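Numbered by PDB author numbering, the letters in the sequence shown go through residues 1 to 17, 19 to 35 in order.
Data first, discussion second: the structure below is written as structure tokens.
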Amino acid sequence: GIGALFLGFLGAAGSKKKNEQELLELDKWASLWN
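As structure tokens, then:
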């Protein structure tokens, strides 16, 4: 879709631009819970 292009921007800027990483890391750890 067209609105998907927008999300791609905010998403791309993500893979582009520490702390948030360490916090996001736990998100992956959450998988453990399953």
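Ideal placement from N, C-alpha and C gives every residue a C-beta, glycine not left out.
Quiz prompt | Inter-residue spacing [alpha-carbon to alpha-carbon] between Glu-23 and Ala-12 | solution = 19 Å
Quiz item: Nearest-angstrom Cα distance between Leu-25 and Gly-8?
Solution: 19 Å
Quiz item: Can you tell me the Cα-Cα spacing of residue 115 and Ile-2, whole angstroms?
Solution: With the chain covering 1 to 35 only, the question about residue 115 has no answer from this structure.
Quiz prompt | Where the alpha helix (DSSP H) through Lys-29 begins and ends | solution = 20-34
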